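For reference, query-v6.txt (compact mmCIF, N, CA and C atoms):
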# COMPACT_ATOMS: atom_id res chain seq x y z
N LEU A 75 65.24 155.63 192.25
CA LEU A 75 66.05 154.50 191.80
C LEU A 75 65.44 153.83 190.58
N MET A 76 64.12 153.66 190.57
CA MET A 76 63.46 153.08 189.40
C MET A 76 63.63 153.97 188.18
N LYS A 77 63.47 155.29 188.35
CA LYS A 77 63.64 156.20 187.23
C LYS A 77 65.07 156.17 186.69
N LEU A 78 66.06 156.15 187.59
CA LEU A 78 67.45 156.11 187.15
C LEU A 78 67.78 154.79 186.47
N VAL A 79 67.24 153.68 186.98
CA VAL A 79 67.48 152.38 186.36
C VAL A 79 66.86 152.33 184.97
N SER A 80 65.64 152.85 184.82
CA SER A 80 65.01 152.90 183.51
C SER A 80 65.79 153.79 182.56
N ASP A 81 66.31 154.92 183.06
CA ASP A 81 67.09 155.80 182.21
C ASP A 81 68.38 155.13 181.75
N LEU A 82 69.06 154.43 182.66
CA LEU A 82 70.29 153.74 182.28
C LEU A 82 70.01 152.60 181.30
N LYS A 83 68.91 151.88 181.50
CA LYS A 83 68.55 150.81 180.57
C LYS A 83 68.25 151.37 179.19
N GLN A 84 67.48 152.45 179.12
CA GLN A 84 67.22 153.10 177.84
C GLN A 84 68.51 153.62 177.22
N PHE A 85 69.44 154.10 178.04
CA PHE A 85 70.72 154.58 177.53
C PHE A 85 71.51 153.45 176.88
N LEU A 86 71.60 152.31 177.56
CA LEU A 86 72.40 151.21 177.05
C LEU A 86 71.73 150.52 175.87
N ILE A 87 70.39 150.54 175.82
CA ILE A 87 69.68 149.88 174.73
C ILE A 87 69.42 150.81 173.55
N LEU A 88 69.60 152.12 173.71
CA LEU A 88 69.34 153.06 172.63
C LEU A 88 70.39 152.94 171.53
N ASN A 89 71.64 153.22 171.86
CA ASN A 89 72.71 153.18 170.87
C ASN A 89 73.98 152.51 171.37
N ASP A 90 74.04 152.08 172.63
CA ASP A 90 75.28 151.50 173.14
C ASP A 90 75.52 150.11 172.55
N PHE A 91 74.58 149.19 172.75
CA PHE A 91 74.75 147.84 172.25
C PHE A 91 73.45 147.32 171.65
N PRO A 92 72.78 148.10 170.80
CA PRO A 92 71.54 147.61 170.16
C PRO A 92 71.88 146.75 168.95
N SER A 93 71.48 145.48 169.00
CA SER A 93 71.77 144.56 167.90
C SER A 93 71.04 144.95 166.62
N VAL A 94 70.11 145.89 166.69
CA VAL A 94 69.37 146.34 165.52
C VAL A 94 70.29 147.27 164.73
N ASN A 95 70.95 146.73 163.71
CA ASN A 95 71.77 147.51 162.80
C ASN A 95 71.07 147.77 161.47
N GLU A 96 69.79 147.41 161.36
CA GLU A 96 69.05 147.60 160.13
C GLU A 96 68.76 149.06 159.83
N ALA A 97 68.92 149.95 160.81
CA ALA A 97 68.76 151.38 160.54
C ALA A 97 69.81 151.86 159.55
N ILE A 98 71.03 151.33 159.66
CA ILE A 98 72.08 151.68 158.70
C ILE A 98 71.69 151.21 157.31
N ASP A 99 71.07 150.03 157.21
CA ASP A 99 70.64 149.53 155.91
C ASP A 99 69.51 150.38 155.33
N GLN A 100 68.59 150.82 156.19
CA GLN A 100 67.51 151.69 155.72
C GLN A 100 68.05 153.02 155.23
N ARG A 101 69.00 153.60 155.97
CA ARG A 101 69.63 154.83 155.52
C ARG A 101 70.38 154.62 154.21
N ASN A 102 71.06 153.48 154.08
CA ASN A 102 71.73 153.14 152.83
C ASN A 102 70.75 153.12 151.67
N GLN A 103 69.63 152.42 151.84
CA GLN A 103 68.64 152.33 150.77
C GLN A 103 68.08 153.70 150.42
N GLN A 104 67.77 154.51 151.44
CA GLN A 104 67.21 155.83 151.19
C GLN A 104 68.19 156.70 150.41
N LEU A 105 69.44 156.76 150.86
CA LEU A 105 70.43 157.60 150.19
C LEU A 105 70.74 157.08 148.79
N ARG A 106 70.74 155.76 148.60
CA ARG A 106 71.00 155.21 147.28
C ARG A 106 69.87 155.53 146.32
N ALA A 107 68.62 155.45 146.79
CA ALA A 107 67.50 155.85 145.95
C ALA A 107 67.58 157.34 145.62
N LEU A 108 67.96 158.16 146.60
CA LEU A 108 68.08 159.60 146.35
C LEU A 108 69.13 159.88 145.29
N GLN A 109 70.32 159.29 145.43
CA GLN A 109 71.38 159.55 144.46
C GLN A 109 71.06 158.94 143.10
N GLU A 110 70.31 157.84 143.06
CA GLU A 110 69.90 157.28 141.78
C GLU A 110 68.92 158.20 141.07
N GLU A 111 67.96 158.76 141.81
CA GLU A 111 67.05 159.74 141.21
C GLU A 111 67.82 160.97 140.74
N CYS A 112 68.80 161.42 141.52
CA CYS A 112 69.60 162.57 141.12
C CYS A 112 70.38 162.28 139.84
N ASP A 113 70.98 161.09 139.75
CA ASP A 113 71.73 160.73 138.55
C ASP A 113 70.81 160.62 137.34
N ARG A 114 69.62 160.05 137.52
CA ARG A 114 68.67 159.96 136.41
C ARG A 114 68.24 161.35 135.94
N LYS A 115 67.99 162.25 136.89
CA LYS A 115 67.61 163.62 136.53
C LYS A 115 68.74 164.31 135.77
N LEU A 116 69.97 164.16 136.25
CA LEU A 116 71.11 164.77 135.58
C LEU A 116 71.29 164.20 134.18
N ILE A 117 71.06 162.90 134.02
CA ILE A 117 71.22 162.27 132.71
C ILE A 117 70.15 162.77 131.74
N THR A 118 68.90 162.86 132.19
CA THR A 118 67.86 163.40 131.33
C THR A 118 68.15 164.85 130.96
N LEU A 119 68.65 165.63 131.93
CA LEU A 119 68.98 167.03 131.66
C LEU A 119 70.09 167.14 130.63
N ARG A 120 71.14 166.33 130.77
CA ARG A 120 72.23 166.39 129.80
C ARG A 120 71.79 165.90 128.43
N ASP A 121 70.87 164.94 128.37
CA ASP A 121 70.37 164.49 127.08
C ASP A 121 69.59 165.59 126.38
N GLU A 122 68.68 166.24 127.11
CA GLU A 122 67.92 167.34 126.52
C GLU A 122 68.85 168.48 126.11
N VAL A 123 69.85 168.78 126.95
CA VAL A 123 70.78 169.86 126.65
C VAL A 123 71.60 169.52 125.41
N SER A 124 71.98 168.25 125.25
CA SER A 124 72.74 167.85 124.08
C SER A 124 71.90 167.95 122.81
N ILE A 125 70.64 167.53 122.89
CA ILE A 125 69.75 167.66 121.73
C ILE A 125 69.62 169.12 121.33
N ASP A 126 69.35 169.99 122.31
CA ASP A 126 69.23 171.42 122.02
C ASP A 126 70.54 171.99 121.50
N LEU A 127 71.67 171.53 122.03
CA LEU A 127 72.97 172.03 121.60
C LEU A 127 73.25 171.65 120.15
N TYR A 128 72.91 170.43 119.76
CA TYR A 128 73.09 170.04 118.37
C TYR A 128 72.17 170.83 117.45
N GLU A 129 70.91 171.00 117.86
CA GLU A 129 69.98 171.79 117.06
C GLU A 129 70.44 173.24 116.93
N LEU A 130 71.15 173.75 117.94
CA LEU A 130 71.64 175.12 117.90
C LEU A 130 72.91 175.23 117.07
N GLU A 131 73.78 174.22 117.16
CA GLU A 131 74.99 174.19 116.35
C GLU A 131 74.66 174.13 114.87
N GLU A 132 73.65 173.34 114.51
CA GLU A 132 73.26 173.22 113.11
C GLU A 132 72.88 174.57 112.52
N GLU A 133 72.34 175.48 113.33
CA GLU A 133 71.97 176.81 112.85
C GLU A 133 73.09 177.82 113.01
N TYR A 134 73.98 177.63 113.98
CA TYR A 134 75.07 178.58 114.19
C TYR A 134 76.17 178.39 113.16
N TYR A 135 76.71 177.17 113.05
CA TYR A 135 77.86 176.96 112.18
C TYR A 135 77.51 177.15 110.71
N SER A 136 76.25 176.92 110.33
CA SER A 136 75.82 177.03 108.94
C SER A 136 75.18 178.37 108.62
N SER A 137 75.59 179.44 109.30
CA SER A 137 75.02 180.76 109.05
C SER A 137 76.08 181.81 109.38
N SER A 138 76.57 182.49 108.35
CA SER A 138 77.57 183.54 108.53
C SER A 138 77.53 184.47 107.33
N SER A 139 77.64 185.77 107.60
CA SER A 139 77.63 186.77 106.54
C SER A 139 78.28 188.07 107.01
N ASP B 364 86.28 174.30 135.38
CA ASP B 364 87.61 173.98 135.87
C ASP B 364 87.71 174.18 137.37
N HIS B 365 87.15 175.29 137.85
CA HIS B 365 87.25 175.64 139.26
C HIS B 365 86.49 174.69 140.17
N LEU B 366 85.45 174.02 139.67
CA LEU B 366 84.62 173.16 140.50
C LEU B 366 84.62 171.71 140.07
N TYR B 367 84.69 171.42 138.77
CA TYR B 367 84.54 170.04 138.32
C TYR B 367 85.66 169.15 138.85
N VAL B 368 86.91 169.56 138.62
CA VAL B 368 88.04 168.75 139.05
C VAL B 368 88.09 168.63 140.56
N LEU B 369 87.51 169.58 141.29
CA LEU B 369 87.38 169.45 142.74
C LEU B 369 86.57 168.22 143.09
N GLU B 370 85.35 168.13 142.55
CA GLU B 370 84.51 166.96 142.79
C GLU B 370 85.19 165.70 142.29
N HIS B 371 85.89 165.79 141.16
CA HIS B 371 86.56 164.61 140.62
C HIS B 371 87.65 164.11 141.57
N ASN B 372 88.41 165.03 142.16
CA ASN B 372 89.46 164.64 143.09
C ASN B 372 88.88 164.07 144.37
N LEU B 373 87.80 164.68 144.87
CA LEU B 373 87.16 164.14 146.07
C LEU B 373 86.64 162.73 145.82
N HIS B 374 86.00 162.52 144.67
CA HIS B 374 85.50 161.19 144.35
C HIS B 374 86.64 160.21 144.10
N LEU B 375 87.77 160.69 143.57
CA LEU B 375 88.92 159.82 143.40
C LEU B 375 89.45 159.35 144.75
N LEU B 376 89.53 160.26 145.72
CA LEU B 376 90.02 159.86 147.04
C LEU B 376 89.04 158.91 147.73
N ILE B 377 87.74 159.17 147.60
CA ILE B 377 86.80 158.25 148.24
C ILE B 377 86.77 156.91 147.51
N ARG B 378 87.06 156.89 146.21
CA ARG B 378 87.18 155.62 145.50
C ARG B 378 88.42 154.86 145.96
N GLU B 379 89.52 155.58 146.18
CA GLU B 379 90.69 154.97 146.80
C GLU B 379 90.33 154.34 148.14
N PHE B 380 89.65 155.09 149.00
CA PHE B 380 89.23 154.57 150.30
C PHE B 380 88.39 153.31 150.14
N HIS B 381 87.41 153.34 149.22
CA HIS B 381 86.54 152.19 149.03
C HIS B 381 87.32 150.98 148.53
N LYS B 382 88.28 151.20 147.64
CA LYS B 382 89.10 150.11 147.14
C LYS B 382 90.01 149.55 148.22
N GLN B 383 90.42 150.37 149.19
CA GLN B 383 91.25 149.87 150.28
C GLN B 383 90.50 148.99 151.27
N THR B 384 89.23 148.67 151.00
CA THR B 384 88.47 147.79 151.88
C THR B 384 88.97 146.35 151.77
N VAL B 389 85.41 143.17 145.80
CA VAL B 389 86.64 142.59 146.33
C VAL B 389 86.35 141.20 146.88
N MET B 390 85.07 140.94 147.18
CA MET B 390 84.64 139.63 147.65
C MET B 390 84.84 138.60 146.55
N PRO B 391 85.79 137.68 146.72
CA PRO B 391 86.16 136.76 145.63
C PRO B 391 85.36 135.47 145.56
N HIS B 392 84.24 135.37 146.26
CA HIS B 392 83.56 134.10 146.49
C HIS B 392 84.56 133.07 147.01
N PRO B 393 85.22 133.33 148.13
CA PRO B 393 86.29 132.46 148.60
C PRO B 393 85.74 131.27 149.38
N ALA B 394 86.50 130.18 149.34
CA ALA B 394 86.12 128.99 150.10
C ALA B 394 87.12 128.66 151.20
N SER B 395 88.39 128.41 150.87
CA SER B 395 89.35 127.97 151.89
C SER B 395 89.98 129.16 152.62
N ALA B 396 90.90 129.87 151.95
CA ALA B 396 91.43 131.13 152.45
C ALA B 396 92.25 131.88 151.40
N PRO B 397 91.70 132.28 150.26
CA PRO B 397 92.47 133.15 149.36
C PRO B 397 92.62 134.55 149.92
N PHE B 398 91.50 135.16 150.30
CA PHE B 398 91.45 136.50 150.88
C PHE B 398 92.30 137.50 150.09
N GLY B 399 91.93 137.67 148.83
CA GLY B 399 92.64 138.56 147.93
C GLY B 399 91.69 139.19 146.94
N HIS B 400 92.20 139.49 145.76
CA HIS B 400 91.43 140.12 144.70
C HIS B 400 91.16 139.12 143.59
N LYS B 401 90.05 139.33 142.87
CA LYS B 401 89.67 138.42 141.80
C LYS B 401 90.67 138.47 140.65
N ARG B 402 90.93 139.67 140.13
CA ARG B 402 91.88 139.79 139.02
C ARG B 402 93.29 139.43 139.45
N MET B 403 93.59 139.50 140.75
CA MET B 403 94.92 139.13 141.22
C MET B 403 95.17 137.64 141.03
N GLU C 138 68.88 201.42 101.05
CA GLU C 138 69.08 200.13 100.41
C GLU C 138 70.31 199.42 100.98
N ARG C 139 71.49 199.88 100.56
CA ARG C 139 72.73 199.29 101.05
C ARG C 139 72.91 199.53 102.55
N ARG C 140 72.47 200.69 103.04
CA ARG C 140 72.57 200.96 104.47
C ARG C 140 71.72 199.99 105.28
N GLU C 141 70.53 199.66 104.78
CA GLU C 141 69.69 198.68 105.46
C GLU C 141 70.36 197.31 105.49
N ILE C 142 71.01 196.93 104.38
CA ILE C 142 71.71 195.65 104.34
C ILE C 142 72.86 195.64 105.33
N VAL C 143 73.59 196.75 105.43
CA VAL C 143 74.71 196.83 106.37
C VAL C 143 74.21 196.74 107.80
N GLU C 144 73.11 197.43 108.11
CA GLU C 144 72.55 197.38 109.46
C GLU C 144 72.06 195.98 109.79
N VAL C 145 71.43 195.31 108.83
CA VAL C 145 70.96 193.94 109.05
C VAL C 145 72.15 193.01 109.28
N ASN C 146 73.23 193.22 108.54
CA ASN C 146 74.42 192.39 108.73
C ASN C 146 75.03 192.63 110.11
N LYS C 147 75.05 193.88 110.56
CA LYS C 147 75.59 194.18 111.89
C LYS C 147 74.73 193.54 112.98
N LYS C 148 73.40 193.64 112.84
CA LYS C 148 72.51 193.01 113.81
C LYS C 148 72.69 191.50 113.81
N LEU C 149 72.84 190.90 112.63
CA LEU C 149 73.05 189.46 112.55
C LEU C 149 74.37 189.06 113.20
N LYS C 150 75.41 189.88 113.03
CA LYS C 150 76.69 189.58 113.65
C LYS C 150 76.60 189.68 115.17
N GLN C 151 75.88 190.69 115.67
CA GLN C 151 75.70 190.80 117.12
C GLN C 151 74.92 189.60 117.66
N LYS C 152 73.87 189.20 116.95
CA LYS C 152 73.10 188.03 117.37
C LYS C 152 73.95 186.77 117.35
N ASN C 153 74.82 186.63 116.34
CA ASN C 153 75.69 185.46 116.27
C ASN C 153 76.72 185.47 117.40
N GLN C 154 77.20 186.66 117.77
CA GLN C 154 78.12 186.76 118.90
C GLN C 154 77.44 186.33 120.20
N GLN C 155 76.22 186.82 120.44
CA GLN C 155 75.47 186.38 121.61
C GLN C 155 75.21 184.87 121.56
N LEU C 156 74.93 184.35 120.37
CA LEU C 156 74.68 182.92 120.22
C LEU C 156 75.92 182.11 120.58
N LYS C 157 77.09 182.56 120.13
CA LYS C 157 78.33 181.88 120.48
C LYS C 157 78.61 181.98 121.97
N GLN C 158 78.31 183.13 122.57
CA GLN C 158 78.50 183.28 124.01
C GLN C 158 77.61 182.31 124.78
N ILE C 159 76.38 182.10 124.31
CA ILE C 159 75.50 181.14 124.97
C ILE C 159 75.98 179.71 124.74
N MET C 160 76.43 179.42 123.52
CA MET C 160 76.87 178.07 123.20
C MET C 160 78.12 177.68 123.98
N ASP C 161 78.98 178.65 124.29
CA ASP C 161 80.15 178.36 125.11
C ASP C 161 79.74 177.79 126.46
N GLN C 162 78.84 178.49 127.16
CA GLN C 162 78.37 177.99 128.45
C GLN C 162 77.59 176.69 128.29
N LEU C 163 76.84 176.54 127.19
CA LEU C 163 76.10 175.31 126.97
C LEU C 163 77.03 174.11 126.89
N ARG C 164 78.04 174.19 126.02
CA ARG C 164 78.98 173.08 125.89
C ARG C 164 79.82 172.91 127.14
N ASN C 165 80.09 173.99 127.88
CA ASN C 165 80.80 173.85 129.14
C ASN C 165 79.99 173.03 130.13
N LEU C 166 78.69 173.32 130.25
CA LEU C 166 77.83 172.55 131.14
C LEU C 166 77.71 171.11 130.67
N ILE C 167 77.63 170.90 129.35
CA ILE C 167 77.53 169.54 128.83
C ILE C 167 78.77 168.73 129.19
N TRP C 168 79.95 169.31 128.94
CA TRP C 168 81.20 168.65 129.30
C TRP C 168 81.26 168.38 130.80
N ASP C 169 80.91 169.37 131.62
CA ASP C 169 80.98 169.20 133.06
C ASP C 169 80.10 168.05 133.52
N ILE C 170 78.85 168.01 133.06
CA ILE C 170 77.93 166.95 133.48
C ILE C 170 78.42 165.59 132.99
N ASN C 171 78.77 165.50 131.70
CA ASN C 171 79.17 164.22 131.13
C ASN C 171 80.49 163.71 131.70
N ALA C 172 81.33 164.60 132.23
CA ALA C 172 82.59 164.18 132.82
C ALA C 172 82.49 163.92 134.31
N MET C 173 81.55 164.58 134.99
CA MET C 173 81.35 164.35 136.41
C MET C 173 80.53 163.10 136.68
N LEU C 174 79.45 162.88 135.92
CA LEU C 174 78.69 161.65 136.07
C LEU C 174 79.48 160.42 135.64
N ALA C 175 80.58 160.60 134.91
CA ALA C 175 81.38 159.47 134.46
C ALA C 175 82.32 158.96 135.55
N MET C 176 82.77 159.83 136.44
CA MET C 176 83.64 159.43 137.53
C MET C 176 82.88 158.78 138.68
N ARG C 177 81.58 158.55 138.53
CA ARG C 177 80.79 157.95 139.60
C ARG C 177 81.28 156.54 139.90
N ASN C 178 80.97 156.08 141.12
CA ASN C 178 81.38 154.76 141.59
C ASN C 178 82.89 154.58 141.51
Target encoding structure tokens, full file:
Amino acid sequence: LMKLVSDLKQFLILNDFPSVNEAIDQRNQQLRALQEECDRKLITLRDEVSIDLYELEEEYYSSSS
Amino acid sequence: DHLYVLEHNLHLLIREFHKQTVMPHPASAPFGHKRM
Amino acid sequence: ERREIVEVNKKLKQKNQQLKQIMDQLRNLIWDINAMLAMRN
């Protein structure tokens, strides 16, 4: 009976009615930091790619024979 | 074409969802949109 | 003399074709990234 009561208490306090909703906020912060790093990486990549693309266009369009 | 507009449409639908939720700093009871 | 010039021109044309083929994918990726990161939020 004690084991079953402890199990039911852990069940109801685990995810049934736990007032601790800060886990959602922590997940929000983690995922937002992840997507911000991803966006920054993509932006740096596109900037480098654009620089290289302009440097390549300058040699492609101005060379024909 | 095969992939970009896919992501664009998915993000458009999730933006629709997010817009269907805007906080106007209300006091009495406007409960609407700022630009509205 | 002239044959060497013709061969060099052919090699340059092949290199320019490969260069255009690479630039096509380059600008495609640039457009894709710049248009996908713009629809964010």
Compute the chain C side of the contact with chain A at 8 Å, counting all atoms listed in the file, and hand it back as a PDB file with N, CA and C atoms, in the coordinates of the input.
ATOM      1  N   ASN C 146      73.230 193.220 108.540  1.00  0.00           N
ATOM      2  CA  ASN C 146      74.420 192.390 108.730  1.00  0.00           C
ATOM      3  C   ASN C 146      75.030 192.630 110.110  1.00  0.00           C
ATOM      4  N   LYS C 147      75.050 193.880 110.560  1.00  0.00           N
ATOM      5  CA  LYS C 147      75.590 194.180 111.890  1.00  0.00           C
ATOM      6  C   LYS C 147      74.730 193.540 112.980  1.00  0.00           C
ATOM      7  N   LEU C 149      72.840 190.900 112.630  1.00  0.00           N
ATOM      8  CA  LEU C 149      73.050 189.460 112.550  1.00  0.00           C
ATOM      9  C   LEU C 149      74.370 189.060 113.200  1.00  0.00           C
ATOM     10  N   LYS C 150      75.410 189.880 113.030  1.00  0.00           N
ATOM     11  CA  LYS C 150      76.690 189.580 113.650  1.00  0.00           C
ATOM     12  C   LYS C 150      76.600 189.680 115.170  1.00  0.00           C
ATOM     13  N   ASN C 153      74.820 186.630 116.340  1.00  0.00           N
ATOM     14  CA  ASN C 153      75.690 185.460 116.270  1.00  0.00           C
ATOM     15  C   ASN C 153      76.720 185.470 117.400  1.00  0.00           C
ATOM     16  N   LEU C 156      74.930 184.350 120.370  1.00  0.00           N
ATOM     17  CA  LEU C 156      74.680 182.920 120.220  1.00  0.00           C
ATOM     18  C   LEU C 156      75.920 182.110 120.580  1.00  0.00           C
ATOM     19  N   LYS C 157      77.090 182.560 120.130  1.00  0.00           N
ATOM     20  CA  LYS C 157      78.330 181.880 120.480  1.00  0.00           C
ATOM     21  C   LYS C 157      78.610 181.980 121.970  1.00  0.00           C
ATOM     22  N   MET C 160      76.430 179.420 123.520  1.00  0.00           N
ATOM     23  CA  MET C 160      76.870 178.070 123.200  1.00  0.00           C
ATOM     24  C   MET C 160      78.120 177.680 123.980  1.00  0.00           C
ATOM     25  N   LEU C 163      76.840 176.540 127.190  1.00  0.00           N
ATOM     26  CA  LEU C 163      76.100 175.310 126.970  1.00  0.00           C
ATOM     27  C   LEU C 163      77.030 174.110 126.890  1.00  0.00           C
ATOM     28  N   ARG C 164      78.040 174.190 126.020  1.00  0.00           N
ATOM     29  CA  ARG C 164      78.980 173.080 125.890  1.00  0.00           C
ATOM     30  C   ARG C 164      79.820 172.910 127.140  1.00  0.00           C
ATOM     31  N   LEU C 166      78.690 173.320 130.250  1.00  0.00           N
ATOM     32  CA  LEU C 166      77.830 172.550 131.140  1.00  0.00           C
ATOM     33  C   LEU C 166      77.710 171.110 130.670  1.00  0.00           C
ATOM     34  N   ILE C 167      77.630 170.900 129.350  1.00  0.00           N
ATOM     35  CA  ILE C 167      77.530 169.540 128.830  1.00  0.00           C
ATOM     36  C   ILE C 167      78.770 168.730 129.190  1.00  0.00           C
ATOM     37  N   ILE C 170      78.850 168.010 133.060  1.00  0.00           N
ATOM     38  CA  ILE C 170      77.930 166.950 133.480  1.00  0.00           C
ATOM     39  C   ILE C 170      78.420 165.590 132.990  1.00  0.00           C
ATOM     40  N   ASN C 171      78.770 165.500 131.700  1.00  0.00           N
ATOM     41  CA  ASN C 171      79.170 164.220 131.130  1.00  0.00           C
ATOM     42  C   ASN C 171      80.490 163.710 131.700  1.00  0.00           C
ATOM     43  N   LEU C 174      79.450 162.880 135.920  1.00  0.00           N
ATOM     44  CA  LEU C 174      78.690 161.650 136.070  1.00  0.00           C
ATOM     45  C   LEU C 174      79.480 160.420 135.640  1.00  0.00           C
TER      46      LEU C 174
END
(message) Please return, as a PyMOL selection string, all residues of chain B that DSSP assigns to alpha helix (DSSP H) on the basis of the backbone.
(response) chain B and resi 367-382
(request) Provide as a ChimeraX atom specification the residues of chain C at most 7 Å from chain B, counting only N, CA and C atoms. (result) /C:169,173,176,178
(message) Nearest residue to residue 373 (chain B) out of C:158, C:168, C:145, C:177, using only C-alpha atoms?
(response) C:177
(message) Just to confirm, what's the straight-line distance from atom N of residue 384 (chain B) to CA of residue 402 (chain B) in Å (one decimal)?
(response)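 Between atom N of residue 384 (chain B) and CA of residue 402 (chain B) the gap works out to 15.1 Å.
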(message) Please compute the atom N of residue 155 (chain C)-CA of residue 140 (chain C) distance, one decimal, in Å.
(response) 21.6 Å
(message) Would you compute the distance between atom N of residue 132 (chain A) and CA of residue 161 (chain C)? Give it in Å to one decimal.
(response)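 For atom N of residue 132 (chain A) relative to CA of residue 161 (chain C), the distance reads 13.4 Å.
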